[PDB]
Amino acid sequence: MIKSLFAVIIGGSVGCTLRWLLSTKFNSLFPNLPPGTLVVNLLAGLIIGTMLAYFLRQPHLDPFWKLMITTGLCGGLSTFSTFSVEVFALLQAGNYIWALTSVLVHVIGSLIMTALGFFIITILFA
């Protein structure tokens, strides 16, 4: 109940810190679809896909690690609100094409990262 909390926070902080570091150094390189926010969403996409597969195969994995990796790392590493203002701005700057693209590349890109990581581990294990 508090050991759980501590899990959300270590995972979360490592996730948020990592996003921050990748966003501030790489987002400015490509305004129309800033690569920092894309990559972290994809990365978490990938990672939680592999956890779909791993958790399934390891039902007795400690809840503390499950919570830390998912709600923790992947929750705090990924981000909807930033994706959401980037798109909002592209819409206000009348750049609809890239508002639309950004929305697709994040959604599909992420589903695919999740498909990838999951199908890679349900083949590497069985």
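Quick note: we count residues from 1 along the sequence shown, nothing fancier.
Per the deposited record, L61 carries the highest C-alpha B-factor of all listed residues (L38, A44, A89, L61). Per-chain ranking of the deposited C-alpha B factor places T114 in the lowest third. In this PDB entry, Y54 carries a Cα temperature factor that places it within the middle third of its chain's modelled residues. Ranked by Cα temperature factor within the chain, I9 sits in the highest third according to the deposited record.
When the modelled residues of the chain are ordered by C-alpha B-factor, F83 sits in the middle third. In this PDB entry, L100 carries a Cα temperature factor that places it within the middle third of its chain's modelled residues.
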